[PDB]
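For reference, coords_6.cif (mmCIF, C-alpha atoms and all ligand atoms):
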```
data_structure
#
loop_
_atom_site.label_atom_id
_atom_site.label_comp_id
_atom_site.auth_asym_id
_atom_site.auth_seq_id
_atom_site.Cartn_x
_atom_site.Cartn_y
_atom_site.Cartn_z
CA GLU O 4 -104.43 106.60 62.73
CA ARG O 5 -101.03 105.07 63.78
CA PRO O 6 -101.34 101.24 63.99
CA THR O 7 -100.67 99.23 67.16
CA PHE O 8 -97.09 97.90 67.25
CA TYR O 9 -95.62 94.83 68.99
CA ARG O 10 -92.10 93.88 70.11
CA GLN O 11 -90.51 90.46 69.37
CA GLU O 12 -86.84 89.16 69.52
CA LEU O 13 -85.47 87.59 66.29
CA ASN O 14 -81.70 86.92 65.67
CA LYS O 15 -80.70 88.81 68.89
CA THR O 16 -82.54 91.95 67.71
CA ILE O 17 -85.87 93.46 68.71
CA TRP O 18 -88.43 93.74 65.84
CA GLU O 19 -91.18 96.30 66.46
CA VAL O 20 -93.78 96.02 63.71
CA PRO O 21 -97.55 96.88 63.26
CA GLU O 22 -99.97 94.10 64.33
CA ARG O 23 -100.99 93.63 60.61
CA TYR O 24 -97.69 91.72 60.04
CA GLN O 25 -97.97 88.34 61.75
CA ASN O 26 -95.76 85.23 62.19
CA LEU O 27 -92.32 86.77 61.56
CA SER O 28 -89.91 84.03 60.48
CA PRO O 29 -86.21 84.85 59.67
CA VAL O 30 -85.20 84.13 56.05
CA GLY O 31 -81.64 85.53 56.42
CA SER O 32 -79.75 88.81 55.98
CA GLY O 33 -80.22 90.72 52.74
CA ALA O 34 -78.63 94.14 51.87
CA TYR O 35 -77.83 96.19 55.04
CA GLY O 36 -80.29 94.37 57.40
CA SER O 37 -82.05 91.10 58.17
CA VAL O 38 -85.24 89.90 56.44
CA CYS O 39 -88.27 88.09 57.87
CA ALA O 40 -91.10 86.33 56.09
CA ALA O 41 -94.49 87.45 57.41
CA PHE O 42 -98.22 87.10 56.88
CA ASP O 43 -99.96 90.38 56.02
CA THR O 44 -103.39 90.20 57.75
CA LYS O 45 -104.59 93.13 55.58
CA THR O 46 -104.10 91.31 52.22
CA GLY O 47 -103.77 87.60 53.21
CA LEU O 48 -100.47 87.50 51.32
CA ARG O 49 -96.96 86.52 52.39
CA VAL O 50 -94.51 89.44 52.64
CA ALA O 51 -90.77 90.01 53.19
CA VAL O 52 -90.00 92.55 55.93
CA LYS O 53 -86.53 94.07 56.27
CA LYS O 54 -85.24 95.81 59.39
CA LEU O 55 -82.39 98.11 58.38
CA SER O 56 -79.28 97.78 60.53
CA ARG O 57 -78.39 100.99 62.47
CA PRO O 58 -79.90 103.17 59.66
CA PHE O 59 -78.71 106.52 61.10
CA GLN O 60 -75.51 105.39 62.97
CA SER O 61 -73.13 107.15 60.55
CA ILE O 62 -73.33 109.40 57.44
CA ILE O 63 -72.73 106.38 55.13
CA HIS O 64 -75.62 104.45 56.78
CA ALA O 65 -78.01 107.48 56.72
CA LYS O 66 -77.36 108.17 52.96
CA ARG O 67 -77.71 104.43 52.15
CA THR O 68 -81.06 104.36 54.06
CA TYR O 69 -82.27 107.38 51.96
CA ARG O 70 -80.88 105.83 48.71
CA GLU O 71 -82.74 102.54 49.34
CA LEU O 72 -86.07 104.06 50.38
CA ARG O 73 -86.03 106.53 47.37
CA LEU O 74 -85.24 103.60 44.98
CA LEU O 75 -88.00 101.34 46.40
CA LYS O 76 -90.57 104.19 46.16
CA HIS O 77 -89.79 104.78 42.43
CA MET O 78 -89.52 101.15 41.19
CA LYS O 79 -92.80 100.03 39.52
CA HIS O 80 -92.26 96.97 37.25
CA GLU O 81 -93.28 93.24 37.29
CA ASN O 82 -89.67 91.92 37.34
CA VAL O 83 -88.34 94.50 39.86
CA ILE O 84 -89.06 94.36 43.60
CA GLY O 85 -91.47 97.08 44.80
CA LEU O 86 -92.34 98.73 48.14
CA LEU O 87 -95.61 97.47 49.69
CA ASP O 88 -95.07 99.42 52.91
CA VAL O 89 -92.47 101.37 54.96
CA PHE O 90 -92.84 102.04 58.69
CA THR O 91 -91.09 103.15 61.88
CA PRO O 92 -92.24 102.57 65.52
CA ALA O 93 -91.19 106.27 66.05
CA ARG O 94 -93.90 108.94 66.64
CA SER O 95 -91.64 111.89 65.75
CA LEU O 96 -88.43 112.76 63.85
CA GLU O 97 -86.69 113.07 67.28
CA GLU O 98 -87.42 109.37 68.18
CA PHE O 99 -86.75 108.20 64.54
CA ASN O 100 -84.00 105.54 64.70
CA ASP O 101 -85.46 102.44 62.93
CA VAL O 102 -86.68 101.81 59.34
CA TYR O 103 -88.58 98.72 58.13
CA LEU O 104 -89.37 97.94 54.48
CA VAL O 105 -92.07 95.58 53.18
CA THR O 106 -92.03 93.80 49.77
CA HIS O 107 -93.65 90.64 48.26
CA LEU O 108 -91.93 87.40 49.38
CA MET O 109 -92.61 85.44 46.04
CA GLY O 110 -91.57 82.20 47.74
CA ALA O 111 -87.81 81.66 47.43
CA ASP O 112 -84.61 82.88 45.72
CA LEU O 113 -83.24 81.43 42.45
CA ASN O 114 -80.74 79.12 44.28
CA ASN O 115 -83.37 77.15 46.29
CA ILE O 116 -85.44 76.67 43.06
CA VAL O 117 -82.63 75.57 40.70
CA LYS O 118 -80.55 73.77 43.42
CA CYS O 119 -77.67 73.00 40.92
CA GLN O 120 -79.97 71.40 38.37
CA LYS O 121 -79.42 71.48 34.60
CA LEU O 122 -82.59 73.35 33.44
CA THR O 123 -84.31 72.94 30.02
CA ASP O 124 -83.64 75.54 27.27
CA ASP O 125 -87.28 76.92 27.37
CA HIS O 126 -87.11 77.21 31.17
CA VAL O 127 -83.81 79.17 30.81
CA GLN O 128 -85.52 81.40 28.12
CA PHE O 129 -88.28 82.36 30.58
CA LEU O 130 -85.93 83.03 33.54
CA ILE O 131 -83.34 85.10 31.57
CA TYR O 132 -86.03 87.03 29.61
CA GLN O 133 -87.53 88.18 32.98
CA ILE O 134 -84.14 89.26 34.48
CA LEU O 135 -83.34 91.18 31.24
CA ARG O 136 -86.81 92.85 31.14
CA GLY O 137 -86.28 93.97 34.78
CA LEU O 138 -82.72 95.21 34.06
CA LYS O 139 -83.95 97.22 30.99
CA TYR O 140 -86.31 99.07 33.38
CA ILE O 141 -83.66 99.55 36.16
CA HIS O 142 -81.00 100.67 33.61
CA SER O 143 -83.42 103.24 32.03
CA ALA O 144 -83.62 105.02 35.47
CA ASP O 145 -79.76 105.19 35.42
CA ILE O 146 -79.65 102.52 38.15
CA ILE O 147 -77.41 99.44 38.02
CA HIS O 148 -77.30 96.35 40.21
CA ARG O 149 -73.43 95.95 40.14
CA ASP O 150 -73.77 92.68 42.23
CA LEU O 151 -76.46 90.58 40.47
CA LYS O 152 -76.39 86.89 41.50
CA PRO O 153 -78.98 84.01 41.83
CA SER O 154 -79.63 84.91 45.51
CA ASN O 155 -80.96 88.43 44.37
CA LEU O 156 -83.66 86.89 42.18
CA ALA O 157 -86.94 86.19 44.07
CA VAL O 158 -89.02 83.60 42.25
CA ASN O 159 -92.67 82.32 42.35
CA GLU O 160 -94.11 78.75 42.17
CA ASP O 161 -94.73 79.63 38.44
CA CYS O 162 -91.12 80.84 37.92
CA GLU O 163 -92.19 84.54 37.83
CA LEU O 164 -89.16 86.54 38.95
CA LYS O 165 -88.35 89.90 40.69
CA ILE O 166 -84.86 91.43 41.03
CA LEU O 167 -83.75 92.43 44.54
CA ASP O 168 -80.92 94.57 46.02
CA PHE O 169 -80.11 96.68 42.90
CA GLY O 170 -78.67 100.23 43.20
CA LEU O 171 -76.94 99.66 46.57
CA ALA O 172 -73.51 98.08 45.73
CA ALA O 184 -70.54 87.43 49.49
CA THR O 185 -69.82 85.33 46.22
CA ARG O 186 -67.65 86.89 43.43
CA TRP O 187 -68.67 84.18 40.82
CA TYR O 188 -71.06 86.58 38.88
CA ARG O 189 -68.98 89.78 39.19
CA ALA O 190 -67.85 91.63 36.03
CA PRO O 191 -64.05 91.39 35.57
CA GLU O 192 -63.79 95.23 35.14
CA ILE O 193 -65.06 95.66 38.76
CA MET O 194 -62.46 93.10 39.95
CA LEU O 195 -59.70 94.69 37.91
CA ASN O 196 -60.93 98.03 39.53
CA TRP O 197 -61.16 99.84 36.15
CA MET O 198 -63.59 102.46 37.58
CA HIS O 199 -64.90 103.45 34.11
CA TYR O 200 -67.58 100.76 33.53
CA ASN O 201 -71.17 100.89 32.29
CA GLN O 202 -74.60 99.23 32.85
CA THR O 203 -73.47 96.03 31.07
CA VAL O 204 -71.64 94.98 34.35
CA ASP O 205 -75.18 93.50 35.03
CA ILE O 206 -75.22 91.81 31.59
CA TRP O 207 -71.99 89.94 32.54
CA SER O 208 -73.80 88.59 35.66
CA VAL O 209 -76.81 87.59 33.46
CA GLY O 210 -74.37 85.63 31.21
CA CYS O 211 -72.84 83.73 34.21
CA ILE O 212 -76.38 82.86 35.49
CA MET O 213 -77.65 81.74 32.06
CA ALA O 214 -74.60 79.45 31.44
CA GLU O 215 -75.07 77.84 34.92
CA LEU O 216 -78.85 77.28 34.36
CA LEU O 217 -77.98 75.67 30.93
CA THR O 218 -75.03 73.44 32.14
CA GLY O 219 -75.86 72.84 35.85
CA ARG O 220 -72.42 74.17 36.87
CA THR O 221 -71.01 77.55 38.00
CA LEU O 222 -69.27 79.12 34.97
CA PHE O 223 -66.49 80.82 36.98
CA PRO O 224 -66.24 79.15 40.45
CA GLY O 225 -63.11 81.03 41.66
CA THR O 226 -61.65 80.09 45.09
CA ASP O 227 -60.37 83.67 45.67
CA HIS O 228 -59.85 87.09 43.98
CA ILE O 229 -56.76 85.94 41.92
CA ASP O 230 -58.46 82.62 40.89
CA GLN O 231 -61.69 84.42 39.89
CA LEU O 232 -59.82 86.53 37.24
CA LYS O 233 -57.70 83.49 36.14
CA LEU O 234 -60.95 81.47 35.48
CA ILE O 235 -62.70 84.41 33.66
CA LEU O 236 -59.63 85.07 31.37
CA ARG O 237 -59.32 81.35 30.49
CA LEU O 238 -62.70 81.50 28.62
CA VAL O 239 -62.91 85.14 27.32
CA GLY O 240 -59.18 85.58 26.70
CA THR O 241 -56.59 88.15 27.78
CA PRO O 242 -57.44 91.76 26.52
CA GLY O 243 -57.02 92.25 22.78
CA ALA O 244 -55.23 95.20 21.09
CA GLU O 245 -58.48 97.24 20.84
CA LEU O 246 -59.17 96.97 24.61
CA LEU O 247 -55.52 97.65 25.62
CA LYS O 248 -55.56 101.05 23.75
CA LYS O 249 -58.50 102.13 26.07
CA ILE O 250 -56.49 101.83 29.33
CA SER O 251 -55.26 105.36 30.25
CA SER O 252 -52.95 104.46 33.20
CA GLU O 253 -49.71 102.64 32.16
CA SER O 254 -49.51 100.91 35.65
CA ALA O 255 -53.03 99.50 34.95
CA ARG O 256 -52.09 98.44 31.41
CA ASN O 257 -48.91 96.76 32.79
CA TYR O 258 -50.90 94.86 35.48
CA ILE O 259 -53.57 93.04 33.32
CA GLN O 260 -50.93 92.31 30.61
CA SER O 261 -48.92 90.30 33.23
CA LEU O 262 -51.77 87.83 34.10
CA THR O 263 -50.40 85.35 31.46
CA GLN O 264 -51.75 85.52 27.87
CA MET O 265 -54.88 83.52 27.08
CA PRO O 266 -56.69 83.19 23.73
CA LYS O 267 -60.48 83.64 23.60
CA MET O 268 -62.27 80.26 23.51
CA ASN O 269 -65.05 79.54 20.99
CA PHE O 270 -68.24 79.21 23.12
CA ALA O 271 -69.74 76.58 20.71
CA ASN O 272 -66.85 74.26 21.80
CA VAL O 273 -67.64 74.90 25.55
CA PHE O 274 -71.47 74.80 25.66
CA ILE O 275 -71.71 71.73 23.39
CA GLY O 276 -75.27 70.58 22.68
CA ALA O 277 -76.79 73.92 23.78
CA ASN O 278 -79.22 75.89 21.59
CA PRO O 279 -77.01 77.78 19.00
CA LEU O 280 -79.01 80.96 19.78
CA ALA O 281 -78.14 80.53 23.55
CA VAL O 282 -74.40 80.22 22.59
CA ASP O 283 -74.63 83.37 20.41
CA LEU O 284 -76.32 85.40 23.17
CA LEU O 285 -73.68 84.18 25.72
CA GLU O 286 -70.92 85.38 23.28
CA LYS O 287 -72.60 88.81 23.24
CA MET O 288 -73.09 88.84 27.07
CA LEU O 289 -69.60 87.62 28.07
CA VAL O 290 -67.44 90.01 26.03
CA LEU O 291 -64.47 91.30 28.12
CA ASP O 292 -64.81 94.79 26.51
CA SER O 293 -67.79 96.46 28.27
CA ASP O 294 -68.12 98.94 25.34
CA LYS O 295 -68.96 95.98 23.03
CA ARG O 296 -71.12 93.99 25.49
CA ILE O 297 -74.84 93.74 24.63
CA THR O 298 -77.39 95.94 26.50
CA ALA O 299 -80.52 94.68 28.36
CA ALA O 300 -82.74 96.24 25.56
CA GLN O 301 -80.65 94.71 22.71
CA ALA O 302 -80.59 91.27 24.46
CA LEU O 303 -84.45 91.26 24.74
CA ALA O 304 -84.65 91.58 20.88
CA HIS O 305 -82.24 88.61 20.34
CA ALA O 306 -83.75 85.61 18.43
CA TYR O 307 -83.20 83.43 21.58
CA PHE O 308 -86.28 85.17 23.18
CA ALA O 309 -88.52 85.07 20.01
CA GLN O 310 -91.27 83.20 21.99
CA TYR O 311 -91.26 85.76 24.90
CA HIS O 312 -90.24 89.10 23.30
CA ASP O 313 -92.94 91.78 23.05
CA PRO O 314 -91.62 95.31 22.28
CA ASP O 315 -94.96 96.80 23.50
CA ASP O 316 -94.64 95.16 26.96
CA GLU O 317 -90.99 95.92 27.96
CA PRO O 318 -91.43 99.28 29.72
CA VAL O 319 -88.81 101.80 30.81
CA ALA O 320 -88.75 103.82 34.08
CA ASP O 321 -90.17 107.32 34.66
CA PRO O 322 -87.33 109.96 35.06
CA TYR O 323 -85.59 109.36 38.40
CA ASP O 324 -84.13 112.22 40.41
CA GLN O 325 -80.99 110.95 42.09
CA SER O 326 -79.16 114.34 42.46
CA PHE O 327 -78.88 113.51 46.26
CA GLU O 328 -75.93 111.20 45.23
CA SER O 329 -73.59 114.17 44.65
CA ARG O 330 -74.55 115.72 48.07
CA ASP O 331 -72.42 115.65 51.27
CA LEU O 332 -74.95 116.10 54.10
CA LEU O 333 -75.05 115.53 57.91
CA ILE O 334 -76.75 112.47 59.58
CA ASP O 335 -79.64 114.69 60.75
CA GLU O 336 -80.34 116.03 57.22
CA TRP O 337 -80.33 112.46 55.69
CA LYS O 338 -82.50 111.29 58.67
CA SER O 339 -85.00 114.17 58.11
CA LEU O 340 -85.09 113.53 54.32
CA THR O 341 -85.79 109.78 55.04
CA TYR O 342 -88.51 110.61 57.64
CA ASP O 343 -90.40 112.81 55.10
CA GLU O 344 -90.21 109.91 52.59
CA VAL O 345 -91.67 107.50 55.17
CA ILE O 346 -94.62 109.79 56.16
CA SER O 347 -95.44 110.68 52.46
CA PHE O 348 -95.50 106.99 51.36
CA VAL O 349 -98.61 105.99 49.35
CA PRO O 350 -99.30 102.19 49.40
CA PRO O 351 -99.78 100.65 45.90
CA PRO O 352 -103.37 99.61 44.78
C1 LIG O 401 -82.10 87.67 52.52
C2 LIG O 401 -82.64 86.36 52.20
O1 LIG O 401 -83.91 86.59 51.53
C3 LIG O 401 -84.47 85.55 50.91
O2 LIG O 401 -84.06 84.42 50.99
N1 LIG O 401 -85.61 85.91 50.13
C4 LIG O 401 -86.40 84.97 49.47
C5 LIG O 401 -87.42 85.59 48.84
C6 LIG O 401 -87.30 87.00 49.09
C7 LIG O 401 -88.02 88.13 48.69
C8 LIG O 401 -87.61 89.40 49.07
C9 LIG O 401 -86.48 89.57 49.87
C10 LIG O 401 -85.95 90.92 50.25
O3 LIG O 401 -84.78 91.07 50.59
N2 LIG O 401 -86.82 91.95 50.14
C11 LIG O 401 -86.47 93.32 50.18
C12 LIG O 401 -85.61 93.82 49.21
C13 LIG O 401 -85.24 95.16 49.23
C14 LIG O 401 -84.42 95.61 48.06
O4 LIG O 401 -84.27 94.87 47.09
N3 LIG O 401 -83.85 96.82 48.15
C15 LIG O 401 -82.97 97.36 47.11
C16 LIG O 401 -82.98 98.81 46.87
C17 LIG O 401 -83.59 97.89 45.89
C18 LIG O 401 -85.70 95.99 50.25
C19 LIG O 401 -86.56 95.49 51.22
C20 LIG O 401 -86.96 94.15 51.22
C21 LIG O 401 -87.85 93.61 52.31
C22 LIG O 401 -85.76 88.45 50.29
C23 LIG O 401 -86.16 87.18 49.90
#
```

Output the structure of this file as structure tokens.
Amino acid sequence: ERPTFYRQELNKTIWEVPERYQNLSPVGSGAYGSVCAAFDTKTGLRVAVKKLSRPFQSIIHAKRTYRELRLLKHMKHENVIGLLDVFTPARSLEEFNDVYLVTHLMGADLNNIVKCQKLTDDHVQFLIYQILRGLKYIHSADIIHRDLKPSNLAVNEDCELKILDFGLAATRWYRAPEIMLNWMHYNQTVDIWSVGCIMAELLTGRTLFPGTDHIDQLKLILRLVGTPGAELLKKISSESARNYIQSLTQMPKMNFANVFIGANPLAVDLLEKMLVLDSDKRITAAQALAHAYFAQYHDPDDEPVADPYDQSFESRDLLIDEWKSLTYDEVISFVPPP
């Protein structure tokens, strides 16, 4: 039986949700719609509810809506956000215009927990191990975040973490330089770069690359990692592209031990492996988990990978109505987790 729904205005938008979700409180806007904290009267737990913004307005919005719902329905890991529920106030495909997604709230994001504090080495080990374990899983399904930052990390009172907003792509401080140089031949280690920026900041209490704009962001990144070496310059196919980066003023690579003074030598070594300018030489999520830095947390028998994920829809050029219908079927066939 279809639950009883109720209307409420929040941030100049109507929210129509089942009666099971009580006390909606706005927590901000997060990936193509706003998010409310709510109390789930069925479980007694606190949930995050997202109302997608104009999900079937255009073709881009309709495909993005399908992409997100398909991703959420597949993702089943401790350090990756999962779907608790998906609903629409619509009674038919014809009336179907709104999509709401329900996940765990955890408590807060990584920014409100760290709040620019210099964290202890063991605390950093726990936080980074969790992000990496989550990324290993996401990456094994051929899914990348491409915009990982502290605000996409939902964290518990016990510092248990879940990654949010992966597979869909604000601050540019955690962005891989290859994305900003628009190399468009990049791999899964764009996420590893972001992990490196986060880890350095948790260790030092300061943003590693706090650029003021697009130009300044690259300038700051190249000051630490250096201008591209001979090996990386040979890999640039377009001469216009090779002429652009080799005009950003030469910079030698800094020794990280002379930058992160007093830090655990194993933390310095892992940062060297995470913040390599050449994406082909940058460490993977799986390799990073096996690094000596995580010796206390690493368990090769409890670092699972994802089941095969069918994302052939990505190559398809369909009409709004076809993406809408495909999304509707995914809503009605949703099985809540145990
Ligand atoms: C926006 C500000 O939010 C906060 O400050 N937050 C603090 C804790 C917290 C927990 C969850 C959320 C949140 O956005 N949840 C969510 C994620 C996805 C998601 O990750 N989707 C992509 C495809 C994988 C889809 C649906 C929801 C409900 C926000 C949260």

Kindly compile the residues surrounding ligand LIG 401 (chain O) within 6 Å, counting all atoms listed in the file, and format them as a ChimeraX atom specification. /O:30-33,38,51-53,71,74-75,84,104-106,108-112,157,167-170

Got a sec: who's within 12 Å of residue 66 of chain O, counting only C-alpha atoms, leaving out chain neighbours fewer than 6 positions off, as a list in words?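 That gives residues 57, 58, 59, 60, 72, 73, 171, 325, 327, 328, 329, 330, 331, 332, 333, 334, 335, 336, 337, 338, 339, 340 and 341 of chain O.
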
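From atom CA of residue 82 of chain O back to atom CA of residue 117 of chain O, the distance works out to 18.1 Å.
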
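Using all atoms listed in the file for every distance, the candidate list O:233, O:287, O:126, O:142 yields O:233 as the residue closest to residue 194 of chain O.
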
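Distance-wise, atom CA of residue 352 of chain O and atom CA of residue 103 of chain O end up 19.9 Å apart.
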
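Put simply, atom CA of residue 319 of chain O is 8.8 Å away from atom CA of residue 80 of chain O.
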
Anything within 8 Å of (-76.8, 84.9, 43.4): list those residues as a PyMOL selection string, counting all atoms listed in the file and sticking to the file's coordinates. chain O and resi 113-114+151-156+185+188

Among listed residues O:101, O:19, O:245, O:81, nearest residue 164 of chain O (using all atoms listed in the file): O:81

Which residue out of O:208, O:263, O:257, O:326 has the minimum interatomic distance to residue 290 of chain O when only C-alpha atoms are used?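 Using only C-alpha atoms, the shortest distance to residue 290 of chain O belongs to O:208.
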
For residue 215 of chain O: contacts at 12 Å, all atoms listed in the file, fewer than 2 positions along chain excluded, given as number ranges by chain: O: 113-114, 117-124, 127, 131, 152-153, 187-188, 208-213, 217-224, 274, 277, 285

What would the list of residues within 7 Å of (-86.8, 105.9, 61.3) (file frame) look like as a compact mmCIF listing (two decimals) with C-alpha atoms, in the frame of the given file, if all atoms listed in the file are what count?
```txt
# COMPACT_ATOMS: atom_id res chain seq x y z
CA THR O 91 -91.09 103.15 61.88
CA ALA O 93 -91.19 106.27 66.05
CA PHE O 99 -86.75 108.20 64.54
CA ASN O 100 -84.00 105.54 64.70
CA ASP O 101 -85.46 102.44 62.93
CA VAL O 102 -86.68 101.81 59.34
CA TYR O 342 -88.51 110.61 57.64
```

Around segment 303-306 of chain O, with edges along x, y and z and 4 Å added on all six sides, what centre and edge lengths do you get, in Å to one decimal, as JSON?
```
{"center_x": -83.4, "center_y": 88.6, "center_z": 21.6, "size_x": 10.4, "size_y": 14.0, "size_z": 14.3}
```

Counting only C-alpha atoms, the residue of O:139, O:195, O:107, O:273 that sits nearest residue 314 of chain O: O:139

Output segment 27-60 of chain O from the block with C-alpha atoms, as a PDB file, in the first residue's frame?
```
ATOM      1  CA  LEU O  27      12.566  17.858   8.020  1.00  0.00           C
ATOM      2  CA  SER O  28      15.410  20.298   8.721  1.00  0.00           C
ATOM      3  CA  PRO O  29      17.517  21.759   5.823  1.00  0.00           C
ATOM      4  CA  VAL O  30      21.226  20.825   5.946  1.00  0.00           C
ATOM      5  CA  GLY O  31      22.107  22.531   2.626  1.00  0.00           C
ATOM      6  CA  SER O  32      22.334  21.709  -1.091  1.00  0.00           C
ATOM      7  CA  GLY O  33      24.247  18.601  -2.123  1.00  0.00           C
ATOM      8  CA  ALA O  34      24.648  17.276  -5.735  1.00  0.00           C
ATOM      9  CA  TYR O  35      21.736  18.399  -8.001  1.00  0.00           C
ATOM     10  CA  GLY O  36      19.195  19.117  -5.182  1.00  0.00           C
ATOM     11  CA  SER O  37      18.754  20.195  -1.569  1.00  0.00           C
ATOM     12  CA  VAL O  38      19.112  17.872   1.442  1.00  0.00           C
ATOM     13  CA  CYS O  39      17.092  17.712   4.667  1.00  0.00           C
ATOM     14  CA  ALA O  40      17.834  15.890   7.900  1.00  0.00           C
ATOM     15  CA  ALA O  41      14.840  13.846   9.059  1.00  0.00           C
ATOM     16  CA  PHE O  42      13.690  11.361  11.679  1.00  0.00           C
ATOM     17  CA  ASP O  43      12.617   8.006  10.250  1.00  0.00           C
ATOM     18  CA  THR O  44       9.658   6.867  12.429  1.00  0.00           C
ATOM     19  CA  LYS O  45      10.027   3.316  11.001  1.00  0.00           C
ATOM     20  CA  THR O  46      13.617   2.791  12.297  1.00  0.00           C
ATOM     21  CA  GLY O  47      14.076   5.546  14.936  1.00  0.00           C
ATOM     22  CA  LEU O  48      17.194   6.675  13.061  1.00  0.00           C
ATOM     23  CA  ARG O  49      18.193  10.033  11.587  1.00  0.00           C
ATOM     24  CA  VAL O  50      18.207  10.138   7.767  1.00  0.00           C
ATOM     25  CA  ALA O  51      19.276  12.518   4.969  1.00  0.00           C
ATOM     26  CA  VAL O  52      16.560  13.117   2.362  1.00  0.00           C
ATOM     27  CA  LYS O  53      17.398  14.688  -1.002  1.00  0.00           C
ATOM     28  CA  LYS O  54      14.840  16.265  -3.325  1.00  0.00           C
ATOM     29  CA  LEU O  55      16.274  16.276  -6.844  1.00  0.00           C
ATOM     30  CA  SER O  56      15.997  19.612  -8.635  1.00  0.00           C
ATOM     31  CA  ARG O  57      13.801  19.493 -11.796  1.00  0.00           C
ATOM     32  CA  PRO O  58      14.794  15.807 -12.416  1.00  0.00           C
ATOM     33  CA  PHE O  59      13.108  15.535 -15.850  1.00  0.00           C
ATOM     34  CA  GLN O  60      13.347  19.209 -17.053  1.00  0.00           C
TER      35      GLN O  60
END
```
